[PDB]
Each structure stands twice: as structure tokens, then as C-alpha cells.
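Structure first, then comments.
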Amino acid sequence: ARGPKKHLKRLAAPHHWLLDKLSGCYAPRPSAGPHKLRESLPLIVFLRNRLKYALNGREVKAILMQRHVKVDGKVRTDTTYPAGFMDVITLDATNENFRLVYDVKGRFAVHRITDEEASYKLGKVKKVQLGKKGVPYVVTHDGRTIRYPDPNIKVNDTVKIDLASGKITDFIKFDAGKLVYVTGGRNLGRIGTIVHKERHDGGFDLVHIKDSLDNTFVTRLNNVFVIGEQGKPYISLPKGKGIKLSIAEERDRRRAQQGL
Amino acid sequence: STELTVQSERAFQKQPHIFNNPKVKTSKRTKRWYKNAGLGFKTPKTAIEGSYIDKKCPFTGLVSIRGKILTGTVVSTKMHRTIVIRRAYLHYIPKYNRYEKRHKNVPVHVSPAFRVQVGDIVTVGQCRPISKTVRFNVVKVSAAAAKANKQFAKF
Amino acid sequence: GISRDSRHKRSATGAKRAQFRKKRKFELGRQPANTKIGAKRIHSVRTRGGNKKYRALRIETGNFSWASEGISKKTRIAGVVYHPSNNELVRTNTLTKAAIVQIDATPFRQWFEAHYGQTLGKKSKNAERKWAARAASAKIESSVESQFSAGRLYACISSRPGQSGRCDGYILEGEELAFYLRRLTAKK
Amino acid sequence: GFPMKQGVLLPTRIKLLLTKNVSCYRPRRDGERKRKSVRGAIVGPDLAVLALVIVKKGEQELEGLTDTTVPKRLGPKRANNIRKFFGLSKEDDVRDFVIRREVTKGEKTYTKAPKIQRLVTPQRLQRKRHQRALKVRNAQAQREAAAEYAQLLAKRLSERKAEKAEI
Amino acid sequence: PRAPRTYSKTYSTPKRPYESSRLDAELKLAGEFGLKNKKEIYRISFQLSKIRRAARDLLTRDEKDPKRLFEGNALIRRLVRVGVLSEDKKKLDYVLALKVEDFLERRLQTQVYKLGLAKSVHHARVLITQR
RNA sequence: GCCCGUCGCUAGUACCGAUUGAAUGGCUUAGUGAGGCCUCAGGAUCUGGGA
RNA sequence: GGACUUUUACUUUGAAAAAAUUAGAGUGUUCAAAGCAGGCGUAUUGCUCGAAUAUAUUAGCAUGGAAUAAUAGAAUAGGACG
RNA sequence: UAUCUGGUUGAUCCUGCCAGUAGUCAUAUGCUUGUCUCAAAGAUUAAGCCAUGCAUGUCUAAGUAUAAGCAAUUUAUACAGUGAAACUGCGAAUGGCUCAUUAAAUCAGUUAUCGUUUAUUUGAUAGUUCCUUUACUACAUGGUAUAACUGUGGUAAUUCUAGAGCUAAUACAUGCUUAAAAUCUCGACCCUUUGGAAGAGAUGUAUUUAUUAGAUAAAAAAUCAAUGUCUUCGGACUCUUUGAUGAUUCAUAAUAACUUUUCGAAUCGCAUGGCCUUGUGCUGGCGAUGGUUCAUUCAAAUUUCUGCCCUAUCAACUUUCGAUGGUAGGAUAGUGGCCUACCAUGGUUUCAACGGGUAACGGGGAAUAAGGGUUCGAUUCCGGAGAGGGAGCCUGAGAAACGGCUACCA
Ligand SMILES: [Mg+2]
Ligand SMILES: [Mg+2]
Ligand SMILES: [Mg+2]
Ligand SMILES: [Mg+2]
Ligand SMILES: [Mg+2]
Ligand SMILES: [Mg+2]
Ligand SMILES: [Mg+2]
Ligand SMILES: [Mg+2]
Ligand SMILES: [Mg+2]
Ligand SMILES: [Mg+2]
Ligand SMILES: [Mg+2]
Ligand SMILES: [Mg+2]
Ligand SMILES: [Mg+2]
Ligand SMILES: [Mg+2]
Ligand SMILES: [Mg+2]
Ligand SMILES: [Mg+2]
Ligand SMILES: [Mg+2]
Ligand SMILES: [Mg+2]
Ligand SMILES: [Mg+2]
Ligand SMILES: [Mg+2]
Ligand SMILES: [Mg+2]
Ligand SMILES: [Mg+2]
Ligand SMILES: [Mg+2]
Ligand SMILES: [Mg+2]
Ligand SMILES: [Mg+2]
Ligand SMILES: [Mg+2]
Ligand SMILES: [Mg+2]
Ligand SMILES: [Mg+2]
Ligand SMILES: [Mg+2]
Ligand SMILES: [Mg+2]
Ligand SMILES: [Mg+2]
Ligand SMILES: [Mg+2]
Ligand SMILES: [Mg+2]
Ligand SMILES: [Mg+2]
Ligand SMILES: [Mg+2]
């Protein structure tokens, strides 16, 4: 219908935002950017709804316009800037670094990270073509163009990225038995090594995952984000380490912790 | 369907950008191009041995098979270079807890690398809009004729 | 204006479809360039999203290439002489792709003789080297050599003049030339 | 009160489609044309007013016209235009040839000259200096990272021939 | 364009409008707990009704089924919590039994009377509604 | 005892029916055909073949 | 990587899967319909649990099963293996 | 949350309907009406008609200020604060409303783009622009023609505007530039060989065409035509370079040319410093706005499989004037009968085609509670469609737009 849509009705907004039903009628529509709409956390939601640092939306603009807040290094002054998985939100005041990395319920958790882990990010390479003048390039789930990468690097591999400068300092091949973060589906936020991948020529390679609790499950290869080695990840994982416990399991953990 | 003539049109039939240099004396006249459509569909030898042109051929032409792969039994071969198959199936009506016979006819392009007749079961592959109605291309005959030569004369 | 929807047009059953919605501009079609010969006259046309298309109406020169010699020259376009789609294109000398034309030869002459040192139909140092280097290669082809006497070469337009403002093509050669030669006279 | 329109001919009115950049019409919106009445360009007795320009001054003076002379409101503001409304050669320096309009604040008589544009200035050359400098600087860097990749492949090849000599 | 503010009703009417026996049995409840409406009884018998449905539904799944154990325990503990369900018969075939007066016995109305402090179900009302 | 139909009253409904009856809405032949768009020309004026 | 494969129905588990609605957990909106809150202290400079789960079927996908019901095969041998 | 009761008889048992009974996010109306919270609401009939007001405008240090504007102070004799008007840029294609049309359409779930367009956001990305190439081309920066304004006017009347006179740019229109090198074709001369050469041009990107590379399914040889690098002068060639996909004529590159030639910064804000042969030389900081190509993101457009209410008192339908396919073109953003030519005779149907009806927008959903079902969904979210009716189109990345224009009808 006639052109780009500019609004987002509350209720149409993604759920893992934990937006609330009333108090309005719209939600912030994520700017065009590095991450898809429906898999992002816009700056307004994070500064206000998570960190509680502003109350008003109007205050969130006042905060950003001082250039306090910088994503992946750069300063970012877009109330609805589409922040998303693997990024690094930083508050110059309050000396505070974060990474956007998933819960186990499938939500973006607040996750405080070190001042120096904050100087690089991970990126799944999504494609690698041969660009203009013979110069080969890789492109990462967060839309970064990196020229002259390792030949050995190909699609579905993850890649450590300088932030400080553009470049790739390391990569991890997609091999049977590599630490995997699950970015999508119901199994979103789970973490678990890899068993083996169903091929299926024509569409939708499946990837069989097993975590550190010898529980198993499957997703589409598309939904698989390599992040390291058995034991050894390459970023600090948020508490609970994406293991996913039964409702009964979680009930008990929560009603075992009680002796005030 | 095609058969005979090959150069039978007002325009000259040729595979595009497949130059044969008249200067260079060759023993085959026409240099031919082909591919394997993929998904494990044997590009039959009649498409390589052939001389027909059909740009809408999955092995010799500039179509591409991607998407749905379907089977059905041939019910109409009256159209030049395209057939019509019937895909039958049973459709489940919950209230009665029973199914009824239904069917659909899908029209599909058939390259003169195949020789199809009515009753042949045929595996077709989805391709780009190739005509007003045809969105599929015959990609393998899982048939033969249904024992025709076992209908010859007397002893 | 011209629509390219399928939503007119009976369904494959033959059924008559109601009108749902009006003409959108993204299914639009525009009119034919119907380009002719002579004195450069092209009109840009603003097509979806910026993107110019060039509508040639009247062209006199195009860039034509002799494939087997791997060169390309810019010649006059003499005339249209055969067209598989519609004869009115031939009779009104209309340029479109597929059209069979005649061009000039004298640029493809001036190249040949200056490169082979042989001349069609009927003293420098390095030249003699290069000329003698070539040949056993200068053999051309009868049905193409003949045309030079006439000073006009048969060629098949390969560009889309109504689209790109270019009227380009290749010389006719060997197999495909024989095809039109037969059609030419066995219709003449 | 409908206006004439040069080149309609006719000594009557008509209704035309008018566009941007055309007399008797000021478009209210991007790519808008309004269909408006217009009077012809041929003088008839219906005209309330005939617009006229003097081209040769006859043998006598017309009071409020030849006898009075009204000054041109604005003066030259672009660099070379001052240079041409005085004829100066790119040597003479404009800044003192810009025009100066006095005015009073009751007991403060002021002075306000334009703002010469397309003036060549030190600032501007620093930006020209900078552009070129960046262009070339990049250019070399881009060769480097290129040649760096040649190496990354050259001693990768001689690792597939140190591998192809192990077995 | 807003979120539908959701509601639902909290009572249910009797099928048969004039059943002399249900009628007596109903008033007697009011007389005993100081209600003003048959609705106040309708309200509860409806609550009761669904609880039983929840309990029935759960009871048809196999013993030690995950939902059953989770949703079963949850139901029971909540009932205990307000003191409707007996500590002993804490296993939901008595939530299946149960009955209206077990619910009535826990209204503030009724507690504010039970340990004196009102000495009448009605004086109990008046005191409560009067801050 | 029951009870059937013509015939007679009041009231209501639907049918048939001269009027080649009427009205609304959807398509649509043939004829006439606005307007913009494209196109062959045009050239008030206004510059360096173009506007 | 090559070289080839009788067709299906049924059923199992699973992916891919909007939110509000519904079913349903946790939380004493004073109750409740609701809401997704809230709860703790050093109440002078913070501590912390949450924001589940289920259903989501007909079709398409992916996998296990081989009963039930179809289909095809070798009889003018133009059969099968080498 | 698995219940029935009244009514045919003299009485009886049945069949069977009418009546009762209960719910309705289901409307109306009547009577009655005190408190907290919650809060639907001109859908239904008339997508009937509308007085008046309002609902789209927008400025940062950072495109344009001689307001004959305000401010004055505080350094500014080109400008500098602030700033109406106006130009320029961006937006007005979102939103909100409504449910008329629409029955294989929409819509849902599920696919496809190896079938395309994509402002913007984000990330990459540009040493090549001139010219027979020593008496040279503005680069220390090339052209005017306009608003606002000033003044003269016209009409009963409008967001009507005319004649005159000015003047800006990130508006309009132009137009210079930069290393080394390598490879190509020409080739003045010299000499016979097996043969080699000064030096002359050409080569950014984009456009259009033609040609070529883009290997790999396990291994080897001979000969023709051209012709590479290394001589231990019969000869050898030894290491020999390769991206992605299920799949491509893919990504990318190479050759010959083509172009009323796309882009390659004549822009702006803050700082003002290094550096000597003391030229105001040569350099040089932070970041704005631009800019081609690619990627990304917001999109769009088409698209595969299956699924719709009643109807035979609709059985055959489709090709007048495309109906179903083939070839070629044209047109499009692009596939495609989309359109045109030529050619063919196809396409659908009792497994219900085609036609008719719908007091029909589809979906999420809603009401009724043993289960199976029945009925409803104009209407808070998603999709679609419209703006009194039809058609046309301008602008633009995006409209076949209606709080845009043009025409006809009312
Ligand atoms: Mg926004
Ligand atoms: Mg795919
Ligand atoms: Mg046919
Ligand atoms: Mg025309
Ligand atoms: Mg300037
Ligand atoms: Mg299932
Ligand atoms: Mg939920
Ligand atoms: Mg009676
Ligand atoms: Mg009786
Ligand atoms: Mg009696
Ligand atoms: Mg009843
Ligand atoms: Mg209405
Ligand atoms: Mg309404
Ligand atoms: Mg001023
Ligand atoms: Mg809208
Ligand atoms: Mg001018
Ligand atoms: Mg410009
Ligand atoms: Mg080879
Ligand atoms: Mg390869
Ligand atoms: Mg290509
Ligand atoms: Mg200085
Ligand atoms: Mg009827
Ligand atoms: Mg065709
Ligand atoms: Mg026929
Ligand atoms: Mg029927
Ligand atoms: Mg309707
Ligand atoms: Mg609806
Ligand atoms: Mg309905
Ligand atoms: Mg309605
Ligand atoms: Mg519309
Ligand atoms: Mg109206
Ligand atoms: Mg009409
Ligand atoms: Mg309109
Ligand atoms: Mg309005
Ligand atoms: Mg509007």
C-alpha cells in the first residue's frame, strides 16, 4: 500500500521486547540498519525499558544527543537505531559496556561485559562473493563489508571483528562439534556444540544440537550461530548459559532459593 | 514435442552466445551447450545428442528449476512442447472424518529431450513463469508406455 | 495507460474475472519506439525508480561486429531487409532486435586489407611481417566475401533500440547467414 | 483582469493547461498543473490596461518617466560579478569593491556590505588540498592491502606444496 | 487503535429458574454467610465449576504426566493457601469433591465473625464495608 | 353422533393477466467521442545544431 | 564424487512458525474484572525474582515406523543377474 | 460442563411439532437507577449529502540573508549575532477512516525470484576526466537568470497574477586534475636472421553489442595452424594458477568497439598549527553535506502447494475483439498472451466446469460449554480495497495519490 510504512502498532511489535499492552498504542519502529526489524532492540527500548535510565522517550533523545551512548564504537544518535545480536552498547559516562546476546526464553538480556571484551565483536558470515576488480569480500549477519578475508573463510563461519578498526582477526569454521548459539525459532537462546547437519539439497539444511546437559534439539542451519569450542566460547555467555530447564525445573530452582 | 525441420521458424533458432566460427573447420557443425539441472536429475542423453533448440528446456535452455518438485500422470499431450498432467489426491473433511477424491491439472513444458505419451507418470520441476499458465517443466519420466508392445497381434 | 496485469484476460478455465482494484502504475506498459533510420533522435524516458531508458526513434549509425574476426566497427545502417516477427517492419524499414539489416562494409573493408594485405573480392617492413604471419587464416568465406563487392553486409540487430537507444548487431555468418540468404531470395 | 500570454495569438480568452516555468501561473506543488483562463496576446478594446515599454525616447520629456530616475536596489554579490560590474581582472581584489549601504539607528549610522560568494579564499584551498590528499592517500593504502593479499596467497600456495611434498 | 482492555464475567445462572429445592438451599447459604445476592452464590458455584473442570481434565492424563504434575500441584497449593483444601486430602480428588461452603468459609465476612469481633454475619458485613 | 362439496358474507395472502406494463443495478454491440500521455509537425522568443 | 532408484495413503516425533484472544504458572490491583507487575534492605547514594507453559490440526517441510489399503513387476520371455 | 416440562385421548402408549426453559462481545426498546473500577459507541438503512473550524508541514556550528528587520556590542571594511519573507533540500505514498466492490479473487499457512525495482539506515567503494601531447587549457575556483524585495498595475471575486527594475546557491548550466608501472596494437630505422628495435598512441568507471576465460569424472600420446618462457642450440617446458550453488551463459575478469557520455566534490562548519630556500610559499586538524558501484536494512512486485458460503428451476464452458500453446519482437523494473505479428488447435468440466445468488472484504478470532457440532466475524492486530462515480496522469525512491492535478458523468 503506496510506500514504506513508518509506524509500528504496539502488539505488532516483537514480543521479546517485553513491551506492555496499554500506555499507548504504538511501539518504536526500528530504524533501517544493520539488523532486521524483527530481530533487534532499538536504543529507546534498551536505554529505557531495560536499563531504566530514562523515563520519558523524550529523555532518551536528550541522553543520546549528548553522545553518551555508542554502538560498536561509533556514536549513534537514532532513538530507534536497530541494535541487535552481537553488538556492543557502551555508556561513556558510567564506564559501562554491554553485549546484545540472547536469554533462554529468547529475549535480549542486559549483560554487562568487560572494558576490553567490549573492543571486538563476533559476526556470522552470511555470504562471500567476488566483488569488483577481483577483490573478494565477506558479509556478516550485521551487514559489514570486509574486503580481502581468508580464503578458508566461507558462509556459516563466525568471525572475530576488531570494531576499533574494520578488520577480521580470527574465524571459526562450521565443523561438527563447535559451540553454537541459536538465533531464532523456539530454541532461540539455547547453546550446544553441534552433533551433525542434515544436508537437503534444495532448501533448509537442518542442524542437530546438543548442549552441556546432554539434551538435544534441531533448528534450521540459517538459525545457527557459531561461537566457539566445547567449553571455550569466544564471548561471555549470560548466566544460565542457555541450558533451558523445564518449568518444573525452573519452579524448583526459584522455590529452593527462598530462605530470606 | 518438436520433431523434424528444427530450423522451421521465421527466425533462426540458435542457442544464444554459442558462436561456431566458420573459419575454424569443425566436425560437428553446431557446438551445443547443456547443463545438469541439479537435484540429481540425469540430463538425458537425447538432450546432449540432440539438435532441437527449445530455450525453455531444463537441460539445454535458459530456464532454471527451483521450488516445488511434483509428480503426476499425463492426461493431455495435444499441445506442442507442453503437456497437461493430473495431480490426484484425497482431501480430508473433518466433520465426517473422511476424505473425498479431488484433482488438479497442472500445465507443464516438455522438452523434446523427452518422449511423453498419455498415461506416462512424470516428475516435473517448478520454474519461472514460462507462459500464461505453465509454471512447471517435465524433468523425468518415471514411466515408459505401460506395456504397449505386449499388445501385439496373434500367435 | 497500457496495463500488463493478468487480471483482465480470462482464467485458464475460460471464466470471466471481475475487476478488483484499479490500474496500478507498477503494472504499466508504454508504447513502442518503432525506431526508424536516419539522423540521431533519441528521447530518454523516466522508468521506475530513477533509471532512464533511452527510446531511439530514427538511428543512422550502429556498432556492428564481425564475430569471426573479433572486431567491431561503427557503420551506417543501410536498410532493413528481413524481419521474422512482422513484414511491416521491413517495408517501413523499422529497427528492432532480430531485424536483418545491411550496413556498409567499407569499414570492415578498410580494416581487413590493412590487417591482412589481401583485399576482398575480385610495402612497409613490419607490415609484411605481420601480413605474412597471418594468412592460412585470410580465407574469409565465399558468402561473406561476395557481399563486399556490393559494399553492403547482412547483419542481425542484437540490441534493443527502444530500450537502450543503441542499434547494434553482428554480421551474418556461416550457418545463420545461409538461413536468411535462402529466405531472402526464395521470397524475392 | 485575466492577463495576456505571449504567443497565443488570438484577441480572445482561452483556457490553457499551464506548467512550471510559464507565465500567468505559479504552481502550488511539485509537478502540478492547473487549467486556467488566459487572455490572448492581441490587443482589443476589452483590455483594461495595455502594458508598454519605451524603446526610443521621442522629441519631448514625459514627466514621471524621463524626468525621474530610480536606482537599482541591489548590487553585485558574487565574486566575478563585482569584477564585471567594475572590470577589474583577477588581480585587483574584490573586498573593497563590494558595495556598501549606509543606514542609521537614530544616532548610530551603520554600514552593511553583502557577502562575496565564490570568493577564492585560504580556507577553500585547504579543502582542495585535503580532497586530493585523501584521494591519493587512500589509493596507496588500497594497493597495500591488495599486495598484502597477494602474499597471503603466495605463501598459502607454497603451503599446499609444502603439504604436497610431506606425503 | 489500542489494546482491547479485556474482561470476563464472574458468575453463572442456574439452568432451571424455579426449582423450589435449590431455592431453599440457596437462601440458607445467604442466611448463613450474610450474602445479599443469589449472585454471590452464583459467583462461587461458577468458580467451583471450572476448578472441577480443571481437575477433571487433569485427572484423565496419566499419573505423573508433566502438565498434570505442574498444573496439579499449582491448583492444590493455591487452594490450601486460602484454607479451602484440607492438608490431608491435598491431592485433588478432593478438589474434585469440594463444595460451595468450603469456599464460603473463607470470606473476610466470615472470618471477621468466626473469631468473635462481630457476633453476627450481618454486623460482620457492616463493619467491613464501613472501613 | 360424526361429516363432505357447491352456493352466500367479511377479511387477508399469493397466483394468472391487456398494458410488447414500469423501476433499479451489472455487464455490453454499434455510433459519437473529452482528456492526459506518446508521436509527426509547428516556431510567439532566446541563445549557442539546441532550447 | 560417480553411477541408479516403482508409485502412494496412514501414523510417529520434529522443525518453521505474530501479538492481543484462549487454556494456564507466578505476583495479595485493599477484593475483583484487570495489569505485568513486583519483591528486599544499609529505606545516605542498592539488593534482586520476573515478564513462563500450552494449543497452534488442513497443506508444505523434516524424521522414525512397515500392520492396515492401494500401485507397479516375468508369459509370444523384448525377463534377471556376469 | 451428559436433566428437560406444558399441549392431540374417555383413558393409553407412540409419532410429531408448537409452547416453555437457559446463554449470547447481540442489537433495539420500556420501566427503574445510589457508589468504585473498566469504557463500546452513525457498522447494519443511504461507499447517501454535507455549513463552518481544524486534521502537513519542516532548519542544524554546518546550502542561500544588503529585510530599506531586530539587536547592539565587541575585534572583525567582503561575510560573521539573531532572523520575517523567499530560494534550495526533505516530507506530504506514513497516519487516520471506511467495508462499496471482490467467490479461485482476496485472504491464511507454505513457497519462488537462477524473474525484478528499491529513497533511506548501516558497511564497503573512485590517483586515470584535457590534447596531435614546447611557445597552452580560468584551478588562487569559469557562466547567467530568478524568487523574496523595490516600483507600476488589472478583476465583483480565490492560496489569480501581469509589465518594469534588482540579486544568491549544495537551485540552474558548465568545466580543469594526480604516482609508478605493466600489457597491448601501430611502427622510424638494420638484416637477413632464429630474427630487434628506439618512440608513437591507446587502456578510470558507467553505457551497448560481439567475442573469450570462469577448469576438475581417474589417466596418457601423435599431428595442423598460429606462438609463449628458459638454451648446456639436438632441444626441452619442470613446479604450473583457480570462488560460490542442488543447478546457470553465476560472481568476477579479458579482447574489438559503441555513447546527443553516467559518475569521478567549482560545496559548507569549527578549530588554526606546523614547516624553510620567509614566497602570506608548501603543508595540515576534527566532521557536515554530497557522490558512483556493491552490500545491508525498511520495502515493493510478482509467485508455488492446498484451502471458501448458497445454487442444476445453471451442463457444458472458453477463442466478438487471446481462448490454450510454439517462434520473434515490442513493451516492463523485470517473468508472462502483457501486447503485436506469424503459426497451431488447443484450455476447463458430474472429483460440478461455466453461469446465478450473497442482506460476502479475508484472516487472527467471537457466541454456545459432555463429545461430535452449530452460528457469527462492518468493527481495537495483520492483509486487501476505496476516497461521490469512472478514466487519465504529473511529481517522485515509492501514488495510477484524490485533505495532487486533468476530463467526462452525477
Ligand atoms: Mg522510527
Ligand atoms: Mg532457498
Ligand atoms: Mg497446438
Ligand atoms: Mg508510437
Ligand atoms: Mg559559496
Ligand atoms: Mg505435529
Ligand atoms: Mg504466549
Ligand atoms: Mg386441548
Ligand atoms: Mg382433554
Ligand atoms: Mg366419557
Ligand atoms: Mg422454542
Ligand atoms: Mg454508512
Ligand atoms: Mg463503526
Ligand atoms: Mg545580517
Ligand atoms: Mg494507509
Ligand atoms: Mg538564460
Ligand atoms: Mg545538483
Ligand atoms: Mg583447459
Ligand atoms: Mg571453480
Ligand atoms: Mg555476466
Ligand atoms: Mg598560517
Ligand atoms: Mg433462479
Ligand atoms: Mg509467445
Ligand atoms: Mg477451435
Ligand atoms: Mg453439485
Ligand atoms: Mg458487501
Ligand atoms: Mg474483518
Ligand atoms: Mg464470513
Ligand atoms: Mg456492510
Ligand atoms: Mg488508494
Ligand atoms: Mg460520501
Ligand atoms: Mg463504463
Ligand atoms: Mg485517484
Ligand atoms: Mg477529506
Ligand atoms: Mg490521503
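Naming scheme: A, B, ... for chains in displayed order of the C-alpha cells; residues 1 onward per chain; ligands 1 onward as shown.
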
Distance-based interface of chain F with chain C, 10 Å, counting only C-alpha atoms (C1' of nucleotides), as number ranges by chain: F: 37-39

Generate the output file for the selected residues, N, CA, C and O atoms (P, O5', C5', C4', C3', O3' and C1' of nucleotides), as a PDB file, in the first residue's frame.
```pdb
ATOM      1  P     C F  37       0.412  15.639 -20.939  1.00  0.00           P
ATOM      2  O5'   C F  37       0.814  14.147 -21.275  1.00  0.00           O
ATOM      3  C5'   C F  37       1.210  13.268 -20.240  1.00  0.00           C
ATOM      4  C4'   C F  37       1.350  11.865 -20.747  1.00  0.00           C
ATOM      5  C3'   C F  37       2.184  11.706 -21.999  1.00  0.00           C
ATOM      6  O3'   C F  37       3.566  11.691 -21.730  1.00  0.00           O
ATOM      7  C1'   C F  37       0.189  10.530 -22.266  1.00  0.00           C
ATOM      8  P     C F  38       4.601  12.440 -22.700  1.00  0.00           P
ATOM      9  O5'   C F  38       4.701  11.487 -23.974  1.00  0.00           O
ATOM     10  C5'   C F  38       5.397  10.256 -23.903  1.00  0.00           C
ATOM     11  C4'   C F  38       5.081   9.379 -25.078  1.00  0.00           C
ATOM     12  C3'   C F  38       5.444   9.920 -26.439  1.00  0.00           C
ATOM     13  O3'   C F  38       6.802   9.812 -26.775  1.00  0.00           O
ATOM     14  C1'   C F  38       3.262   9.077 -26.513  1.00  0.00           C
ATOM     15  P     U F  39       7.505  11.046 -27.509  1.00  0.00           P
ATOM     16  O5'   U F  39       6.998  10.971 -29.007  1.00  0.00           O
ATOM     17  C5'   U F  39       7.163   9.805 -29.786  1.00  0.00           C
ATOM     18  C4'   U F  39       6.367   9.899 -31.060  1.00  0.00           C
ATOM     19  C3'   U F  39       6.597  11.161 -31.867  1.00  0.00           C
ATOM     20  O3'   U F  39       7.739  11.040 -32.694  1.00  0.00           O
ATOM     21  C1'   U F  39       4.275  10.796 -31.611  1.00  0.00           C
TER      22        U F  39
END
```

For ligand 14, return the neighbouring residues as an NGL selection string (distance at most 9 Å; only C-alpha atoms (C1' of nucleotides) and all ligand atoms). (:D and (112)) or (:H and (65-67 or 80-83))

Please check which protein, DNA or RNA residues sit within 10 Å of ligand 23, counting only C-alpha atoms (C1' of nucleotides) and all ligand atoms, and write them as a ChimeraX atom specification. /B:130-132 /H:325-329,336-337

Between atom CA of residue 70 of chain E and atom CA of residue 54 of chain E, what is the distance in Å, rounded to a tenth?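 Separation between atom CA of residue 70 of chain E and atom CA of residue 54 of chain E: 12.5 Å.
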
Atom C1' of residue 35 of chain G and atom CA of residue 22 of chain A, how far apart in Å?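 About the pair atom CA of residue 22 of chain A and atom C1' of residue 35 of chain G: they are 9.1 Å apart.
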
Which distance in Å separates atom 1 (Mg, counted along the ligand's line) of ligand 24 and atom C1' of residue 348 of chain H, to one decimal?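 Going from atom 1 (Mg, counted along the ligand's line) of ligand 24 over to atom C1' of residue 348 of chain H, I get 14.1 Å.
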
Shell around residue 65 of chain G at 12 Å using only C-alpha atoms (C1' of nucleotides), local window under 6 positions removed, as a ChimeraX atom specification: /G:10-13

I need the chosen residues saved as a PDB file, in the first residue's frame, with N, CA, C and O atoms (P, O5', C5', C4', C3', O3' and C1' of nucleotides).
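Output (selection-v6.pdb):
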```
ATOM      1  P     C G  10      -2.316 -39.352   4.253  1.00  0.00           P
ATOM      2  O5'   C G  10      -2.350 -40.457   5.400  1.00  0.00           O
ATOM      3  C5'   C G  10      -3.583 -41.076   5.762  1.00  0.00           C
ATOM      4  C4'   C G  10      -3.415 -42.198   6.771  1.00  0.00           C
ATOM      5  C3'   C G  10      -2.698 -41.853   8.063  1.00  0.00           C
ATOM      6  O3'   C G  10      -3.522 -41.181   8.999  1.00  0.00           O
ATOM      7  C1'   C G  10      -1.833 -43.867   7.213  1.00  0.00           C
ATOM      8  P     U G  11      -2.992 -39.842   9.710  1.00  0.00           P
ATOM      9  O5'   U G  11      -2.071 -40.362  10.887  1.00  0.00           O
ATOM     10  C5'   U G  11      -2.557 -41.297  11.827  1.00  0.00           C
ATOM     11  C4'   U G  11      -1.426 -42.095  12.405  1.00  0.00           C
ATOM     12  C3'   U G  11      -0.309 -41.278  13.022  1.00  0.00           C
ATOM     13  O3'   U G  11      -0.585 -40.841  14.328  1.00  0.00           O
ATOM     14  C1'   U G  11       0.613 -42.900  11.602  1.00  0.00           C
ATOM     15  P     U G  12       0.044 -39.450  14.794  1.00  0.00           P
ATOM     16  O5'   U G  12       1.514 -39.844  15.255  1.00  0.00           O
ATOM     17  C5'   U G  12       1.754 -40.933  16.124  1.00  0.00           C
ATOM     18  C4'   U G  12       3.232 -41.126  16.330  1.00  0.00           C
ATOM     19  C3'   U G  12       4.009 -39.876  16.703  1.00  0.00           C
ATOM     20  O3'   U G  12       3.917 -39.587  18.088  1.00  0.00           O
ATOM     21  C1'   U G  12       5.141 -41.022  14.963  1.00  0.00           C
ATOM     22  P     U G  13       3.759 -38.077  18.596  1.00  0.00           P
ATOM     23  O5'   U G  13       5.192 -37.439  18.339  1.00  0.00           O
ATOM     24  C5'   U G  13       6.218 -37.594  19.300  1.00  0.00           C
ATOM     25  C4'   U G  13       7.566 -37.342  18.697  1.00  0.00           C
ATOM     26  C3'   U G  13       7.873 -35.895  18.363  1.00  0.00           C
ATOM     27  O3'   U G  13       8.322 -35.164  19.494  1.00  0.00           O
ATOM     28  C1'   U G  13       8.439 -37.279  16.533  1.00  0.00           C
TER      29        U G  13
END
```

With only C-alpha atoms (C1' of nucleotides) as the counted atoms, please give the residues lying no more than 12 Å from segment 129-136 of chain D, apart from itself and same-chain residues fewer than 3 positions off, as a ChimeraX atom specification. /D:122-126,139-143 /H:126-127,139,177-179,264-265,282-285
